[PDB]
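Line order of the protein sequences matches chains G, X, E, W, Y and V. Quick note, in the numbering used here, the first sequence goes up one by one and the last residue is 418. Quick note, in the numbering used here, the second sequence goes up one by one and the last residue is 186. Quick note, in the numbering used here, the third sequence goes up one by one and the last residue is 54. Quick note, in the numbering used here, the fourth sequence goes up one by one and the last residue is 112. Quick note, in the numbering used here, the fifth sequence goes up one by one and the last residue is 983. Quick note, in the numbering used here, the sixth sequence goes up one by one and the last residue is 279. Quick reminder that beta carbons are idealized off the backbone N, C-alpha and C, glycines included. Structure record follows, encoded as structure tokens.
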Amino acid sequence: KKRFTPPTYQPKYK
Amino acid sequence: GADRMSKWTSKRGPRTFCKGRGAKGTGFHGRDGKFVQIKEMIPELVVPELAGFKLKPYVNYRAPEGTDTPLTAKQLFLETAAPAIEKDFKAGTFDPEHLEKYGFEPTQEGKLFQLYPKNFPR
Amino acid sequence: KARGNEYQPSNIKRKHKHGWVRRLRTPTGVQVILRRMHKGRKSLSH
Amino acid sequence: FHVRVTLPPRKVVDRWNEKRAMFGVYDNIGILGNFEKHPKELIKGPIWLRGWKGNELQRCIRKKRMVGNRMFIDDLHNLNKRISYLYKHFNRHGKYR
Amino acid sequence: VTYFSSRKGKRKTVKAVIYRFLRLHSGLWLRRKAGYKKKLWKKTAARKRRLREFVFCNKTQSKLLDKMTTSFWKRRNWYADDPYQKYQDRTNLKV
Amino acid sequence: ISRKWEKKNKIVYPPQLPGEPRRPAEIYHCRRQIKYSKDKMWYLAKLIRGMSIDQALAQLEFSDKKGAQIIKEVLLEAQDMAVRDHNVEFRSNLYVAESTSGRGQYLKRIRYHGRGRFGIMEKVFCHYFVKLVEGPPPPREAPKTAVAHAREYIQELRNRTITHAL
RNA sequence: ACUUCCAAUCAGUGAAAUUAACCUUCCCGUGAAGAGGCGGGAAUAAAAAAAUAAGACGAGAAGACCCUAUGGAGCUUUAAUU
RNA sequence: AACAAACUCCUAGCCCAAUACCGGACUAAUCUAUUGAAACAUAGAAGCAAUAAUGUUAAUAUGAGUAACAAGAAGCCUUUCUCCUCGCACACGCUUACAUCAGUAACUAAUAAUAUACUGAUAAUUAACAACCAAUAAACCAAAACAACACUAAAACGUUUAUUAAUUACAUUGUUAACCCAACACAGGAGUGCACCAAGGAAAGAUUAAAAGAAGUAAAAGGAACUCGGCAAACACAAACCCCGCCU
RNA sequence: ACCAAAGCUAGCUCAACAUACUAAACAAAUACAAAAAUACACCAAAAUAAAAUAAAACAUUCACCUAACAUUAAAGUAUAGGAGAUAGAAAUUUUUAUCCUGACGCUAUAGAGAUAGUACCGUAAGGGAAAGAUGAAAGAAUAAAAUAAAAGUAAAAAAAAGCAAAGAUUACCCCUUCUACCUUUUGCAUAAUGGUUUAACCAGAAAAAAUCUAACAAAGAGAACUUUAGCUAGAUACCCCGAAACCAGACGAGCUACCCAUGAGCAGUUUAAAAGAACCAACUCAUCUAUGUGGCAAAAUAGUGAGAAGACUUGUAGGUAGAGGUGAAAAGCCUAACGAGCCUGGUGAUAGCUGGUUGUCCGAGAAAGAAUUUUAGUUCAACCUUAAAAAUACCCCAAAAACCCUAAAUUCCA
Ligand SMILES: Nc1nc2c(ncn2[C@@H]2O[C@H](COP(=O)(O)O)[C@@H](O)[C@H]2O)c(=O)[nH]1
Ligand SMILES: [Mg+2]
Ligand SMILES: [Mg+2]
Ligand SMILES: [Mg+2]
Ligand SMILES: [Mg+2]
Ligand SMILES: [Mg+2]
Ligand SMILES: [Mg+2]
Ligand SMILES: [Mg+2]
Ligand SMILES: [Mg+2]
Ligand SMILES: [Mg+2]
Ligand SMILES: [Mg+2]
Ligand SMILES: [Mg+2]
Ligand SMILES: [Mg+2]
Ligand SMILES: [Mg+2]
Ligand SMILES: [Mg+2]
Ligand SMILES: [Mg+2]
Ligand SMILES: [Mg+2]
Ligand SMILES: [Mg+2]
Ligand SMILES: [Mg+2]
Ligand SMILES: [Mg+2]
Ligand SMILES: [Mg+2]
Ligand SMILES: [Mg+2]
Ligand SMILES: [Mg+2]
Ligand SMILES: [Mg+2]
Ligand SMILES: [Mg+2]
Ligand SMILES: [Mg+2]
Ligand SMILES: [Mg+2]
Ligand SMILES: [Mg+2]
Ligand SMILES: [Mg+2]
Ligand SMILES: [Mg+2]
Ligand SMILES: [Mg+2]
Ligand SMILES: [Mg+2]
Ligand SMILES: [Mg+2]
Ligand SMILES: [Mg+2]
Ligand SMILES: [Mg+2]
Ligand SMILES: [Mg+2]
Ligand SMILES: [Mg+2]
Ligand SMILES: [Mg+2]
Ligand SMILES: [Mg+2]
Ligand SMILES: [Mg+2]
Ligand SMILES: [Mg+2]
Ligand SMILES: [Mg+2]
Ligand SMILES: [Mg+2]
Ligand SMILES: [Mg+2]
Ligand SMILES: [Mg+2]
Ligand SMILES: [Mg+2]
Ligand SMILES: [Mg+2]
Ligand SMILES: [Mg+2]
Ligand SMILES: [Mg+2]
Ligand SMILES: [Mg+2]
Ligand SMILES: [Mg+2]
Ligand SMILES: [Mg+2]
Ligand SMILES: [Mg+2]
Ligand SMILES: [Mg+2]
Ligand SMILES: [Mg+2]
Ligand SMILES: [Mg+2]
Ligand SMILES: [Mg+2]
Ligand SMILES: [Mg+2]
Ligand SMILES: [Mg+2]
Ligand SMILES: [Mg+2]
Ligand SMILES: [Mg+2]
Ligand SMILES: [Mg+2]
Ligand SMILES: [Mg+2]
Ligand SMILES: [Mg+2]
Ligand SMILES: [Mg+2]
Ligand SMILES: [Mg+2]
Ligand SMILES: [Mg+2]
Ligand SMILES: [Mg+2]
Ligand SMILES: [Mg+2]
Ligand SMILES: [Mg+2]
Ligand SMILES: [Mg+2]
Ligand SMILES: [Mg+2]
Ligand SMILES: [Mg+2]
Ligand SMILES: [Mg+2]
Ligand SMILES: [Mg+2]
Ligand SMILES: [Mg+2]
Ligand SMILES: [Mg+2]
Ligand SMILES: [Mg+2]
Ligand SMILES: [Mg+2]
Ligand SMILES: [Mg+2]
Ligand SMILES: [Mg+2]
Ligand SMILES: [Mg+2]
Ligand SMILES: [Mg+2]
Ligand SMILES: [Mg+2]
Ligand SMILES: [Mg+2]
Ligand SMILES: [Mg+2]
Ligand SMILES: [Mg+2]
Ligand SMILES: [Mg+2]
Ligand SMILES: [Mg+2]
Ligand SMILES: [Mg+2]
Ligand SMILES: [Mg+2]
Ligand SMILES: [Mg+2]
Ligand SMILES: [Mg+2]
Ligand SMILES: [Mg+2]
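Have a look at this one:
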């Protein structure tokens, strides 16, 4: 299976 | 994405979105597509004559004020109708059925400036 | 090919899909508005 | 592990206020009073806990039975979920069986 | 076994134990030998008698059944013409 | 935050009794929240350590670093304060006894990388502390000579004791 | 062979995977069966800078191959209830 | 012989190892009831103790001052030279990021200079273009493609007649921008009408000219001998034989 | 010496009483594309809860599970149950008015998510924060006092050799000795897992039978019961994180799959041609190679390619929604993860599987026989621990234990 991990962005406030 | 807190005014849409800013209408659309303005729909400012008016926007500083006595319906009735009713009752000609001669209006649909429907802006 | 730009803005689509009238025209959208009101959202719809 | 650098204000607690002087004064109201009142009636607190004691599951069950008809929606939902979790844990989990 | 019921908060008992077991007040548990009604034509008279006889339970099984049952089944019963009233008590047990 | 380099300049000594040698003047100055980096400023601080103020200014004028001008301004301000406030004549009679660089309060930003990843970019700020002492610079330590090395070796040989013996 | 981008130095700004602590050699042998850390020997002033990738069973992803789970799910039926 | 233990003596004692599970005595830090009053005692309670969960949050280090990032030149200071050419407007979209003045120690520009991208104050987009801008019955088969006349796939786009359409200047709304969607001041994605410059901009922060890497140019004699394959490249850019799918 | 550290408040939590319960604002505009004064209508709709789980599987069953009758007992009784797991009444009994209500609850990683459902993240349903600290006076900032105590640095870079320490020593190294720590294993320095470090949070919970202590005792208990020394009371006990999944209802066709309306593009050359013809632009795709691989880019750049009047590309708007849609079937696409979307709720789902599980000292201390969809696990037995009763316990000479031959030696015994 083509498993991919989407990046998660840090909260903009910090 | 687009905003949600901002106000949805006529500047934020396409050409086909032409929303008014709150001004009252002044006419309709005529025959060949033009706008026909109705004279009666345009407000007419009833401005008095201030040439001989002896009052100014500010009062004298030493002028005394008065105790706050807001005008009530009871006071208005006592001032406008109570003396007439008392005099007529003393004379003996008082007619309870007919009160239109004393300023009472049984129906507001007749006169120009109606009170409950509020036919006048200001 | 390249993704990430799946949002192409358009006010007509935005208002016709998530507008106040669109929400209130169906019983489920009224429930959505009630849920947002209960949570205390500043904006109930677009 | 940083600890404060100043002396805290020493609490001037007195042992002879009204509550401390009259603490549990009528604890023997029955025994010394020709029984009419149990020491249960002197307990002030929730309605479902006056003169009663039980573990968490029994307390939740009693609260739901007694005052469950006046609880808020989320409070009643939380009580039901807690009752279910406690039932499952007590009747299906543990070591001594 | 339900250690804490959902209605009363009490401890429940399994009905199979009381349906197929009997407890004397001294703590012993009485039971019937398994297979005493199965294929009697195939068994010797001595084996049939052994199956018909009542038997007791050991300490582990007795404690298990005590755990499964509640305190209502360990009480002292004074029945009218009880067959096991003479066996309810234990005598001359030197331990 | 901590601010004690400012307060180190406000101490007052009791008057010196006659016959006591004159106490050299000590002047503490510092610049806070400099955009230039901590280690990069430490390099210049170490460069100008222990030399006369005029020599330090001479080096910092022709240094190509960005912090060279900041350190030069700090040194000039310290010299002016030493002449004016403190009773220090001979504005050229000061030497840099201490010259240190520390870190201040940083700012955290996002550095974009690719594939939707990111890093924590840190906007560095530094403090520069300088302490000047009135008087000629102390002489630099000379490398240990062969005679001194032999003397210490012989002394360590003579310091021996018979361990675990008595 | 020569140009440009790279590269190295100078000046400014300045991340990432990774990291038990390291004062982080070589050979033979031993050992959870392929040792920088054990044993027997050799080697051994200390620090930079630039390169090459043999090793750290290198980093990355709680192997996707294999097996187990009285763990799932998709599909097909001549599987069992319907 | 000697040297050689958790063995055994010697001198004192508090007088004999340990994993899973089991038992006991003390005890750190909180709250309460009574003591105490330079921080404790007896009791009763628990959110009652962290060198370890690819533990959560925050800050800090290593990698590392490393990878990476940028402004054509001179000049009288915004005037001339050297180069490359996606420019103007409308629609959709963002909403003041636009303009004037002033400041930039720091915050935005992945660095400065200063400024369309930061800060403050003050101003601004003016309708003729665009949006909202008649119904009810009837006559009406005969395409657009320079449309003369035709083909098939049979084709959006209209006047007139009759009945009613408040009738009377000036209504309302969009008018900035260097801009939108992609976390970013992103080498990507973006409809239409005009021309290929009369409009837009700058590949190089400054040096040196190590290795390795990317792109290009040229190369003696040979011309596929390389390689899975003539992949890539080339002063070539031609002709054939099969397998499988009829073909677009 | 920097970085930093410490306040005590904002406020929260749990109950009692309670008027009897969608607060204040509502001048105008607000369900036209909400906050847009103003035209001949149409309006309304109901149809069971399901499943995750337990029965060590799973089909009948599986308490609570947004429907009132509360409390003391009857009673976990009668009954209902693949009669298994479990579920579970009723008849009949008890309940005296009001104040005496605050806290052996928290103090900014705690207590509500909250300074706030706000910034921010998503098209939407939805998710969702962190951030405060001087003083009587800052109309006392040429401002005054307490800590200068974490990790990280500087003051002050290093000198053969070695889990970095210990024995020591006049003396830092030099000498001698020790294979980091948890977890899992028959066994780990192992090159098997985990961790850069600091600070703050993070994991054993129940009283049936039993043991101890105490009250009273043939009776005990403040009502309903138990009693052939028993009854009453108290103290001793049973963790945390993690799936793929399943069900229900919302939100999604602004990307993409296919349709429906409404528009727009294709310049030049060869051809009686606008021929699903040919060359080749704009334009649409993406054959091959090289860079790039935390990149310009969560799919790009350069070169090179295919189509380019059509089964063509494309703008705007509408429709089809998950037990489905759509599909020139690739089990493709349906808002960057689709053998079937995402969000919320069930939900603290469930894991015989992995990981973790926090003070000191002392005593004793275990390597497996039988069942079992069972051998990755449980329940018994044999061992072992903690208390209590007793009396024989191991070592064990004779004598004794099979018949064709048979060793080491066994069993039972003074
Ligand atoms: N089953 C069993 N395991 C043991 C026994 N003794 C030690 N173990 C196991 O052996 C490991 C520790 O090894 P040890 O320290 O005994 O050498 C642990 O996993 C422990 O549970 C035993 O007697 N029986
Ligand atoms: Mg948004
Ligand atoms: Mg508009
Ligand atoms: Mg527009
Ligand atoms: Mg007009
Ligand atoms: Mg997105
Ligand atoms: Mg991106
Ligand atoms: Mg960093
Ligand atoms: Mg880091
Ligand atoms: Mg790590
Ligand atoms: Mg070394
Ligand atoms: Mg070896
Ligand atoms: Mg050795
Ligand atoms: Mg060695
Ligand atoms: Mg040798
Ligand atoms: Mg290598
Ligand atoms: Mg190693
Ligand atoms: Mg390898
Ligand atoms: Mg590896
Ligand atoms: Mg694995
Ligand atoms: Mg694999
Ligand atoms: Mg497979
Ligand atoms: Mg199994
Ligand atoms: Mg299942
Ligand atoms: Mg069949
Ligand atoms: Mg010896
Ligand atoms: Mg000994
Ligand atoms: Mg205590
Ligand atoms: Mg704790
Ligand atoms: Mg800690
Ligand atoms: Mg990792
Ligand atoms: Mg940790
Ligand atoms: Mg660094
Ligand atoms: Mg540099
Ligand atoms: Mg490096
Ligand atoms: Mg570089
Ligand atoms: Mg440039
Ligand atoms: Mg924007
Ligand atoms: Mg501005
Ligand atoms: Mg800058
Ligand atoms: Mg414009
Ligand atoms: Mg450059
Ligand atoms: Mg080269
Ligand atoms: Mg080359
Ligand atoms: Mg060439
Ligand atoms: Mg050649
Ligand atoms: Mg060949
Ligand atoms: Mg060859
Ligand atoms: Mg080729
Ligand atoms: Mg050829
Ligand atoms: Mg060819
Ligand atoms: Mg074909
Ligand atoms: Mg053909
Ligand atoms: Mg099950
Ligand atoms: Mg289970
Ligand atoms: Mg299964
Ligand atoms: Mg199952
Ligand atoms: Mg259910
Ligand atoms: Mg039946
Ligand atoms: Mg069964
Ligand atoms: Mg908080
Ligand atoms: Mg420190
Ligand atoms: Mg050593
Ligand atoms: Mg070993
Ligand atoms: Mg083990
Ligand atoms: Mg193994
Ligand atoms: Mg190994
Ligand atoms: Mg190993
Ligand atoms: Mg493993
Ligand atoms: Mg390891
Ligand atoms: Mg571990
Ligand atoms: Mg690791
Ligand atoms: Mg008990
Ligand atoms: Mg199921
Ligand atoms: Mg649609
Ligand atoms: Mg669409
Ligand atoms: Mg053409
Ligand atoms: Mg063609
Ligand atoms: Mg390309
Ligand atoms: Mg090329
Ligand atoms: Mg091309
Ligand atoms: Mg072609
Ligand atoms: Mg062709
Ligand atoms: Mg299914
Ligand atoms: Mg389908
Ligand atoms: Mg197929
Ligand atoms: Mg297939
Ligand atoms: Mg998706
Ligand atoms: Mg779990
Ligand atoms: Mg198993
Ligand atoms: Mg021991
Ligand atoms: Mg056992
Ligand atoms: Mg014998
Ligand atoms: Mg014997």
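Cβ-Cβ separation between residue 185/X and residue 20/E: approximately 36 Å, too far for a contact (criterion under 8 Å). By the neighbour-count criterion, in which 16 or more other beta carbons inside 10 Å mark a residue as buried, residue 904/Y falls on the exposed side.
By the C-beta criterion, the region 160-174 of chain V is judged not to be in contact with the region 255-272 of chain V, since fewer than 3 inter-stretch pairs fall below 8 Å.
Contact check between the region 144-152 of chain V and the region 203-212 of chain V: fewer than three CB pairs, one atom from each, fall below 8 Å, which does not count as touching. Cβ contact annotation for residue 239/V (same chain, cutoff 7 Å, sequence separation greater than five): 147, 149, 150, 151, 154, 214, 215, 216, 217, in chain order. Residue 95/X carries a coil assignment under DSSP once its states are collapsed to helix, strand and coil.
A direct Cα-Cα distance of roughly 8 Å separates residue 105/X from residue 89/X. Under the DSSP assignment, residue 213/V falls in the beta strand (DSSP E) whose first and last residues are 207-216. The region 948-964 of chain Y and the region 904-924 of chain Y touch, with three or more beta-carbon pairs separated by less than 8 Å. Taking residue 42/W as the centre and dropping the five residues before and after it, the same chain places the C-beta of 54 closer than 7 Å to its C-beta, in chain order. The C-alpha of residue 232/V lies about 10 Å from the C-alpha of residue 414/G. The beta-bridge partner set that DSSP reports for residue 910/Y consists of 918/Y. In the DSSP assignment, residue 111/W falls outside any alpha helix (DSSP H), carrying neither H nor E. In this chain, the alpha helix (DSSP H) harbouring residue 156/V covers 151-160.
Contact between the region 47-62 of chain W and the region 88-98 of chain W is not established, with fewer than three Cβ pairs separated by less than 8 Å. In the structure shown, residue 55/W falls within a helical segment according to DSSP collapsed to helix, strand and coil. In the structure shown, the three-state DSSP call for residue 240/V is strand. Under the Cβ distance rule, residue 22/E counts among the residues neighbouring chain X, one pair being separated by less than 8 Å. The C-alpha of residue 919/Y is placed about 23 Å away from the C-alpha of residue 930/Y. At a cut-off of 3 residues, the continuous stretches assigned as beta strand (DSSP E) that sit fully inside the region 92-148 of chain X are 99-101. Here the alpha carbons of residue 134/X and residue 151/X stand approximately 27 Å from one another. With the criterion set as a beta carbon lying under 7 Å from some beta carbon of chain X, the members of the region 23-50 of chain E are 50, in sequence order.
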